[PDB]
Amino acid sequence: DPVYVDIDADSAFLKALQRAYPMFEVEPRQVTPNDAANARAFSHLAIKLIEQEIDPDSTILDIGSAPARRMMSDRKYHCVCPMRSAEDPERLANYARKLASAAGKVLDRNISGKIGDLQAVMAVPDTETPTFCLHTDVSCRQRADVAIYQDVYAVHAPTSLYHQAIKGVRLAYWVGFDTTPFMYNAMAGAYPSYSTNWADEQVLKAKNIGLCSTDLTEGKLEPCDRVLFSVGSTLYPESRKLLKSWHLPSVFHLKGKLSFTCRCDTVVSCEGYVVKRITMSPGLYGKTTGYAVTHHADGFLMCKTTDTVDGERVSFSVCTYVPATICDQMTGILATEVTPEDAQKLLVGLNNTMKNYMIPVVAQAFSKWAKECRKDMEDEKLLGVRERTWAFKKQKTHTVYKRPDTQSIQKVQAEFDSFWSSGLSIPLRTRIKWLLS
Amino acid sequence: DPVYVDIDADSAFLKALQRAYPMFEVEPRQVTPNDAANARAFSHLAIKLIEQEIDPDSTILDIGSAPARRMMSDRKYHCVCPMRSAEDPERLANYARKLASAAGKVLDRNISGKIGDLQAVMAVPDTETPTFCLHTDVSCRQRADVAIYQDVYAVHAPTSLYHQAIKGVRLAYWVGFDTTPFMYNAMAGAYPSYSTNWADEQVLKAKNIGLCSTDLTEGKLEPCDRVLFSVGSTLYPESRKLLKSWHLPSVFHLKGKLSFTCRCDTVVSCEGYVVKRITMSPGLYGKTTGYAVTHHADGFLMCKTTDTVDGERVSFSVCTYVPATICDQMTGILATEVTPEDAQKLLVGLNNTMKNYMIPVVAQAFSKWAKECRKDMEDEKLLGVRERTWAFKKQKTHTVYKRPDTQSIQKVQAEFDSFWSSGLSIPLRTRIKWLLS
Amino acid sequence: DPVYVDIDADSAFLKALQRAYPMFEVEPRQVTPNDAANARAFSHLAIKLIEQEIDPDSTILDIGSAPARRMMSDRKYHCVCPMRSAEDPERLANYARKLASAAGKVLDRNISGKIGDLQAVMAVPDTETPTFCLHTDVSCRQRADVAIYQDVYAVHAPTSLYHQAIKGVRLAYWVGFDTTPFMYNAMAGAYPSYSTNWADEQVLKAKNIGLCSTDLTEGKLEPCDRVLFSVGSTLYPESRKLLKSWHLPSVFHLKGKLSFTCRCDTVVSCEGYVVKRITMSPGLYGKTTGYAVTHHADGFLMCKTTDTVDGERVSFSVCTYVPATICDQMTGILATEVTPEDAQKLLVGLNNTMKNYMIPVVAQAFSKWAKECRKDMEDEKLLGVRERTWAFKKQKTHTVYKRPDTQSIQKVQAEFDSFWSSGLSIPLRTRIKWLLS
Ligand SMILES: Nc1ncnc2c1ncn2[C@@H]1O[C@H](CSCC[C@H](N)C(=O)O)[C@@H](O)[C@H]1O
Ligand SMILES: Nc1ncnc2c1ncn2[C@@H]1O[C@H](CSCC[C@H](N)C(=O)O)[C@@H](O)[C@H]1O
Ligand SMILES: Nc1ncnc2c1ncn2[C@@H]1O[C@H](CSCC[C@H](N)C(=O)O)[C@@H](O)[C@H]1O
Ligand SMILES: [Mg+2]
Ligand SMILES: [Mg+2]
Ligand SMILES: [Mg+2]
Ligand SMILES: [Zn+2]
Ligand SMILES: [Zn+2]
Ligand SMILES: [Zn+2]
């Protein structure tokens, strides 16, 4: 009945987890000093919930999978496992090792069948087995009804979903980080509850952001495609286009040789991690608007800041998340004009609910926001009238602040109409064959 | 005997629910983290009360229905289900799935008959069955005596009611959001107890309203038909004309080939959600005035505010709801002239009874209202006399404030005299047929 | 023995009810969220008391009745039910439905006879039965000895009473709102204990009265016949002439072909609701004066106020009721001159005994009254002398204040000498016939 997570029994994250999964009983049982524990716990609980949702005797496609995670499960999984990243051979070797280790002690699972399928794929690499294949998402021939994406950021979402749908899949899930900070086009940012920082490749030599490094000395800039992610002490390169492609609107159409109508919604949300549910049906129905909405339970901040990159002083924008209680407790102070130092002292007085290294920039954002409010109250126009004497002036905005219980809305695309080699090596196949034997 | 609702046991909304349904026993039993829970609970209790009102052995038309909600009920429902929105195929598939799942475990309900009717409609799409059809409201041929509208905002009320009445219906119900803010012709607004914000399509790029999104930068306007609604994180487009059409007067006439006299009244009201009861009788009787009345148990505010839309500074009107206790506790302060900052500090001191993101604009409205009162006391006219020396000046009004235990009144129309394709697809029909089997 | 009322067990109104009916035991038993509960409770208790007064085996005429209210009573009622308003067909249908529902379960009442009379009237509409007819008050042929008017404001009182008296009626009762504010000729007013506001048709676009509605903008008047009443959220149009006609003097004469001497007195009075008892006797006796008296247990206020109607600033008079304890506690302050703001703060300090939305205007009235007193003390005349040098000046009066334990007196008329179609439809008759069967 209860679910066990590998975090310390005194952490404050546990509270939040119990709020996000009220249908479970969460128990802390710590065994490793892992520095990316919270993300692992969230993914574990998400998979538990998804399994509890769908009915048995349904085959499930696992896109970009690590097979060792699905061994002790009683459901039917077909793992789609190409070898495109540098961490895949180790995952395959670990899977083979774990399969060999427990060969007669566990009998309620299809262990012998799994070994047979692995050996068959090793012998001939272009064959589909009930539990394994070596193709990509757009070339696997297996037919199923459910698909799952877990921490997959390297595919174009509409094309992948269309190729999943033309094979009879009616339900899909997606687990990963929230894509909202990338629709605002920021330079760098943090997910502080998960110990995650990310930065654009051009500001890696800054001084006072989460992920940077610089030296000692005596004495156009716009976002690009390539981004670096750091979860704990693990590094991942990412692309802005593919991250943006997963920010889907509420309803959309897929129009090719066959046609489908699909809808997407968010079912779990905890401080930056989300779970998305997508349903697809045959035929065209209704009409689309092209808007995507995000609900904010915490505060979301984006602001402009000044730093030195490689010794040269520049300015760019950063984003972060703020707990709701602090935002509620700062309501009265922001009615006047306040300097950044006083705001910093007040925030330190209220605070650990939030990480300290993020405080100095937050205090700089609030101070600006309040000021921009006062000016609005002092230059009051007339109702239903615009002045455009033919040019009109644009005011300056240095801060965007989405308070708890508000919503963001953005215009995206909603109509889509436009949409092999083994890669393995002889020594790796021989090693796997010997490991199984 | 008791009724269970899917909200947390510590929420303050529960209190209000117990005040709106004093004939029930409300128990919290939370199973999902749904962010639109309060609206669902209100709708659930409303349906329970309506069922407890009318007598059994009466057939009930369900206009624009989701059939899966009526499966486990012992009453007789005829669901009118066209496919005009993009969320309908999924609802139909869910209905078929739920019907198939419980086929022999539940025997007190007409499960087998429901399956037979669904299969018959799938085989031929232009046939009426006792529990299902695929026509619209003005083309269904079934005869009944009660009709129900649940969260239906996309029909013209007099025409629909006339077509319901010429078929022998004598009673109707309507559940939805209050239409008063749209008779005042506001730009944007909030229902804060239900986590709902709405805005006109022209101000979606503002900065400091509930539903908007903007960017960072260095540097005639009147309401239109199209409106956007956001309930939790679900988005709905709406039209002002159809929303306004449901704000009916106390008595009205329907004059066509046959004639009817009808009357409408509000029976449940909780912070923005209402239940309306309409009765229709044959023949013409009495005479009409054309007025509609709203009773305010909380405070209702409408005020003018200044913002920047896409960088350009403009002014427009917003509306909101205020709890009665705060309004009662602000009576003494508003006897003098008060600045917005002092009002903001006082409101924060009194406050969480109300959401904080709504406070800064409320504090701006009160401050103006009080000032407009003082001027009235300082320019006193004579009894029963008007000055029109031929033009007379009009004063300026920046705030409308309806205090608890007051009433709004508005002039509307009260005399009405002026009032098909399957749309389904072969793959969807085949999928439903296979799902049932 | 005890009487049950549909109000909440914590309301302060209950106290007052127990003071008005000391011969009963009042118990709260709340079942509906009705917003006009207090008026319903008062009417219920009034009917109980009237029934307890008169002796049995007397037939009672019920003028302008709703028959469903008299079904479960053991007395003999003859209901006079024309169809002149738009709410009558629904009342008739409800009566028929309730009659059909309990046809064999209740046997101590003349249920079968009631059904027979209803069917007979349906068959032929111009016949009198022991319990039903379709005529007006001046055309019913039934003979009785008691008549009852319950919330009837649409008849001319002397003519109706004469036509009741020429048929052998010797006693009559009247239940309704107090008519005193209409003999003072006010523009608008409130009954705050019953959640009732009323206004003249010409000031429906004001801003700061109980019943009004206005908009946002940048920039002879005398009372007329038509008035609007709002009880909770129910709207009723009324005429000033017919309301005034029910303010009868202590003794009066009816002189026609036959002659009668009648007298009227008030027997129950609670914060605006009254019960009146009228007795009529054959022949002419005594002589009349033509005065009507009202006793005040609470404070009654009438004052001049300034507002904006449709944007134009005007002045008119409003009236209200004030609890006796507040009036007693303001005696010492009103010995000097006091500003409206100080009076508002003092009233808020004393106050919830009274509704807050009525406070700002009350504070404005008191402040004026006190001032008008000081001037009187500073311009002192001689005993038994008038100055009329031939014109005399008239002073200005802006407030009328009737304190508790005082009496109003007014001159009215006391000598009176000057005093049909079915209207039903075939479909309604058929519907009633089918409902009974
Ligand atoms: N086009 C494609 N189709 C299917 N899988 C792909 C793919 N491109 C990359 N991948 C795989 O996606 C994986 C992302 S790493 C994610 C691994 C796994 N989901 C986990 O939870 O750890 C990589 O191993 C890569 O091999
Ligand atoms: N003219 C019409 N007649 C009948 N139904 C209509 C209609 N126009 C739209 N509808 C239906 O009304 C529905 C509104 S969505 C409401 C669904 C349901 N009442 C619920 O509680 O969830 C849509 O599914 C749409 O199919
Ligand atoms: N001239 C007349 N003679 C008798 N009844 C009349 C009348 N004019 C109007 N009425 C009736 O008086 C009623 C007033 S509404 C009052 C209904 C009832 N007394 C109650 O307590 O609810 C209307 O239904 C109308 O039909
Ligand atoms: Mg690791
Ligand atoms: Mg939902
Ligand atoms: Mg009513
Ligand atoms: Zn495969
Ligand atoms: Zn039908
Ligand atoms: Zn009669």
Side-chain angles (χ1 to χ4, degrees), chain A residues 6 32-40 43 66 68-69 87 90-91 94 151 195-196 230-236 250-251 263-269 276-277 279 285-286 293 295, chain B residues 6 32-40 42-44 46-47 50 60-70 77-92 94-95 133-140 142 147-157 159-161 163-164 173-177 195-196 229-239 242 245 273 420-421 423-424:
Chain A
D6 180 18
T32 62
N34 195 11
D35 58 3
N38 295 357
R40 187 89 265 145
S43 271
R69 283 199 226 284
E87 302 89 352
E90 171 58 24
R91 291 186 195 125
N94 180 22
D151 292 300
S195 290
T196 301
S230 186
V231 192
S233 56
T234 315
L235 177 82
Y236 292 115
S250 44
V251 289
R263 78 178 272 217
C264 171
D265 53 281
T266 301
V267 294
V268 192
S269 194
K276 289 177 196 217
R277 185 182 150 153
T279 63
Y285 303 96
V293 168
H295 178 76
Chain B
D6 180 18
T32 62
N34 195 11
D35 58 3
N38 295 356
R40 187 89 265 145
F42 188 90
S43 271
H44 190 60
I47 288 295
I50 283 157
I60 309 158
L61 295 178
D62 199 356
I63 320 284
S65 186
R69 283 199 226 284
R70 313 287 172 228
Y77 283 105
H78 180 90
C79 302
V80 186
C81 292
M83 323 287 278
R84 293 210 148 169
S85 81
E87 302 89 352
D88 290 329
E90 171 58 24
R91 291 186 195 125
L92 190 48
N94 180 22
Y95 183 45
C133 91
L134 286 166
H135 305 96
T136 61
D137 61 340
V138 301
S139 64
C140 176
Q142 187 78 5
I148 289 181
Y149 302 72
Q150 194 185 350
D151 292 300
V152 174
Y153 308 95
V155 295
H156 191 70
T159 307
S160 186
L161 285 173
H163 278 85
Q164 253 42 65
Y173 287 88
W174 193 86
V175 194
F177 278 115
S195 290
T196 301
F229 256 82
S230 186
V231 192
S233 56
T234 315
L235 177 82
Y236 292 115
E238 318 281 12
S239 163
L242 302 180
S245 81
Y273 248 95
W420 172 90
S421 297
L424 225 52

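Every number for a ligand or one of its atoms is a count from 1 in the order of the listing. In what follows, every heavy atom counts, from backbone to side chain, and hydrogens, waters and symmetry copies are set aside. Order of the sequence lines sets the chain letters (A, B, ...), proteins ahead of strands, with each chain counted from 1.
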Using a 3.5 Å distance criterion without hydrogens, assess whether the side chain of B/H163 forms a donor-acceptor pair with backbone atoms of B/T159.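 Indeed, once roles are kept as given, a pair shorter than 3.5 Å links the two residues.
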Please compare B/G64, B/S65, B/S43 and report which has the shortest non-hydrogen distance to atom 12 (O) of ligand 2.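 Of the listed residues, B/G64 has the closest heavy atom.
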Would you please classify the geometry between the B/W420 ring and the B/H135 ring as parallel, tilted or perpendicular, with 30° and 60° separating the classes?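 It falls in the tilted class, 30° to 60°.
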Set out, in order, the CA-CA distance, both residues' side-chain angles and the distance that settles side-chain hydrogen bond (donor to acceptor under 3.5 Å, both in side chains) for A/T32 and A/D6, then state yes or no. CA-CA 7 Å; A/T32 62; A/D6 180 18; 2.7 Å; yes
Gap between atom CH2 of B/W174 and atom CD1 of B/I50 - 0.5 Å precision: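 Atom-to-atom, B/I50:CD1 and B/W174:CH2 are 12.0 Å apart.
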Out of all atoms in ligand 2, which are within 4.0 Å of some heavy atom of B/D137? Include the element for each. 1 (N), 3 (N), 4 (C)
Identify the protein heavy atom lying closest to atom 7 (C) of ligand 2, giving its residue, its atom name and the separation to 0.1 Å. B/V155 CG1, 4.3 Å
Note the single closest protein heavy atom to atom 8 (N) of ligand 2, along with its residue, its atom name and the distance in Å. B/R84 CD, 4.2 Å
Is the shortest N/O to N/O distance between B/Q150 and ligand 2 below 3.5 Å? yes
For B/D88 and ligand 2, does the shortest N/O to N/O distance drop below 3.5 Å? yes
Side chains of A/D265 and B/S233: donor-acceptor distance under 3.5 Å anywhere? no
Should [X] be listed as contacting ligand 2, given a heavy-atom distance under 4.0 Å as the test?
X	result
B/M83	no
B/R69	yes
B/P82	yes

For this output row, return yes or no: ring centroids of B/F177 and B/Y273 closer than 6.0 angstrom. yes
Taking 4.0 Å as the limit for heavy-atom contacts, which would you say applies to B/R91 with ligand 2: side chain only, backbone only, both, or neither? side chain
Contact between A/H295 and A/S269 at the side-chain level, heavy atoms closer than 4.5 Å - yes or no? no
